[PDB]
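Sequence positions, counted from 1, serve as the residue numbers for this chain. Note that ligands are numbered from 1 as they come in the structure, with each ligand's atoms numbered from 1 the same way.
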Amino acid sequence: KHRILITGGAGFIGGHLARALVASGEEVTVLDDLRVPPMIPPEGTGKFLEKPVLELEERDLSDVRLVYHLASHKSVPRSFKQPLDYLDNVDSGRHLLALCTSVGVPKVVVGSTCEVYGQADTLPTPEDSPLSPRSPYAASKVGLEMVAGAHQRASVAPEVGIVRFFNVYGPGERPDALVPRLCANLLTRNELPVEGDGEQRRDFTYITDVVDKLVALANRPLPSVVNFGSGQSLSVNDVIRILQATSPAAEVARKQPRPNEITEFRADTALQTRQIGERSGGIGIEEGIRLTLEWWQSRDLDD
Ligand SMILES: NC(=O)c1ccc[n+]([C@@H]2O[C@H](COP(=O)([O-])OP(=O)(O)OC[C@H]3O[C@@H](n4cnc5c(N)ncnc54)[C@H](O)[C@@H]3O)[C@@H](O)[C@H]2O)c1
Ligand SMILES: CC(=O)N[C@H]1[C@@H](OP(=O)(O)OP(=O)(O)OC[C@H]2O[C@@H](n3ccc(=O)[nH]c3=O)[C@H](O)[C@@H]2O)O[C@H](CO)[C@@H](O)[C@@H]1O
């Protein structure tokens, strides 16, 4: 048992993770059914299984020591329109963890999200805070966590760790998320869309930092649940500001607010710091946005 399998491994976090592990000398399998088109063609990320997580089989796992489960439907606003489709997130986790148990896979990292906290009543938000999902997507991640929790309580393989990602951004991320949306809109429309008043706040972490942290989990005991966030929040307006510092001509296009909007996500990082320590560096928001925008600038206008 030596291979790493990454579900969602053609997508934004999973593709970067796959590339870093292959760059490190690891034997990597990516599993991804390409149900959303990847920004970056999958080439170079290892053996590729182009199927749903639900079609994973025993033999796909037979030499696998570690799984990163990152395959998800991940859109908060769209989950209000296709709520039943989001049940696939629960089905897939139930299937994956069942198969890992029957085969004896040693470790699984399960991707979850700060959205399971809803609007938390404790800021910064610690991992023991209760669950208050405000969308069908968030509800589906709560379901996925419940499945993983049962495996955590069971005294059988895999060791299962839940990672609650806060907002991750960077090159390669599709433009339905804030930073890339703003970039893609700034470039094709000279517009910076703001949904609602823009006072709502998110905790942003740059993709390379998140990948470094995920890799640090490959060779340490997994915490049952850990926040991956920066520990600081910024308003949508703060991000807008940073971009207009770059493009003063940009027009802010007011959009309609989201339903059940969350005013602030902010990670408590004490557990993260303890389990995986912290490195000096890390990409600040100014630089991260710039690197993201530059990446978008190297994309052909049609995009
Ligand atoms: N990006 C963030 O800002 C962020 C924040 C919090 C949580 N997360 C979580 O991180 C993970 C990865 O997010 P991302 O931004 O890379 O998304 P992504 O859309 O870029 O990648 C997910 C990949 O999974 C594939 N996929 C989805 N469902 C699948 C299924 N059941 N079977 C096979 N392939 C499937 C998609 O085709 C895609 O390439 C998800 O678990 C997501 O919920 C991401
Ligand atoms: C698409 C995506 O990656 N979603 C992830 C993102 O959700 P989340 O919904 O926070 O991410 P978004 O980037 O979609 O939205 C962030 C904020 O910016 C606003 N907005 C967005 C786009 C825009 O062009 N203008 C604008 O003002 C939104 O209303 C929201 O208030 O982080 C979550 C953790 O918190 C994850 O669970 C989600 O999977």
Does the side chain of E115 come within less than 4.5 Å of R134's, by heavy atoms? no

Report the part of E261 in contact with ligand 2, treating N, CA, C, O as backbone and CB onward as side chain, heavy atoms under 4.0 Å; options are side chain, backbone, both, neither. side chain

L178 versus ligand 2: do any nitrogen or oxygen atoms come within less than 3.5 Å of each other? yes

Could an N or O of ligand 2 be found under 3.5 Å from any N or O of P193, whether backbone or side chain? yes

Under a 4.0 Å heavy-atom cut-off, what residues line ligand 1? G8, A10, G11, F12, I13, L31, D32, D33, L34, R35, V36, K51, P52, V53, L70, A71, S72, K74, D88, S92, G111, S112, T113, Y137, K141, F165, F166, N167, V168, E173, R174

Heavy-atom nearest neighbour in the protein, as seen from atom 9 (O) of ligand 2, with distance rounded to 0.1 Å: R258 NH1, 2.8 Å

Any idea which part of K141 is under 4.0 Å from ligand 2, heavy-atom wise: side chain, backbone, both or neither? neither

If you have a sec, work out which protein heavy atom is nearest atom 5 (C) of ligand 2 and how many Å separate them, to one decimal? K74 O, 4.1 Å

Per-residue contact class, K255 against ligand 2 - non-hydrogen pairs under 4.0 Å: neither

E173 heavy atoms within 4.0 Å reach ligand 2 at atoms 3 (O)

Any N or O of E195 that comes nearer than 3.5 Å to an N or O of ligand 2? yes

Check each atom of ligand 2 against the heavy atoms of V194 and keep those under 4.0 Å away; list them by number with element. 27 (O)

Do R3 and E26 meet the salt-bridge criterion of a basic N to acidic O distance under 4.0 Å? no

Does even one non-hydrogen atom of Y137 get within less than 4.0 Å of ligand 2? yes

State which residues pass side-chain hydrogen bond (donor to acceptor under 3.5 Å, both in side chains) with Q232; sequence neighbours excluded, sorted by chain then number. none

Please state which protein non-hydrogen atom is closest to atom 7 (O) of ligand 2 and give its distance, to 0.1 Å? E115 OE2, 3.8 Å

For residues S233 and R266, is any side-chain donor paired with an opposing acceptor at under 3.5 Å? no

Going by an N to O cut-off under 4.0 Å, is there a salt bridge joining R241 and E286? no

Identity and separation of the nearest protein heavy atom to atom 11 (O) of ligand 2: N167 OD1, 3.5 Å

Sidechain N-carboxylate O distance under 4.0 Å for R290, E294: yes

Residue and atom name of the nearest protein heavy atom (relative to atom 17 (C) of ligand 2), distance in Å to one decimal: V236 CG2, 3.9 Å

Are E173 and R181 ion-paired here, with the side-chain N under 4.0 Å from a carboxylate O? no

Minimum-distance protein heavy atom relative to atom 23 (C) of ligand 2: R181 NH1, 3.2 Å

Minimum-distance protein heavy atom relative to atom 36 (C) of ligand 2: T113 OG1, 3.4 Å

Is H151 close to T101 at the side-chain level, that is, under 4.5 Å between some pair of heavy atoms? yes

Atom 1 (C) of ligand 2: closest protein heavy atom, distance to 0.1 Å, is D176 OD2, 3.6 Å

So, do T269 and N227 sit near enough that their side-chain heavy atoms are less than 4.5 Å apart? no

Would you say that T292 contacts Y169 through its side chain, given a criterion of any heavy-atom pair below 4.5 Å between the two side chains? yes

Can you confirm whether the side chains of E199 and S235 place a donor and an acceptor under 3.5 Å from each other? no

Would a line drawn from the ring center of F166 to the ring center of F204 be shorter than 6.0 Å? no

For the pair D203 (side chain) and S230 (backbone), establish whether a donor and an acceptor sit closer than 3.5 Å, ignoring hydrogens and angles. yes

Distance alone, cut at 3.5 Å: any donor-acceptor contact between the side chains of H73 and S140? no

Run the salt-bridge test on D85 and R35 with the 4.0 Å N-O cut-off and return the result as yes or no. no

Can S75 be said to touch ligand 2, with heavy atoms closer than 4.0 Å? no

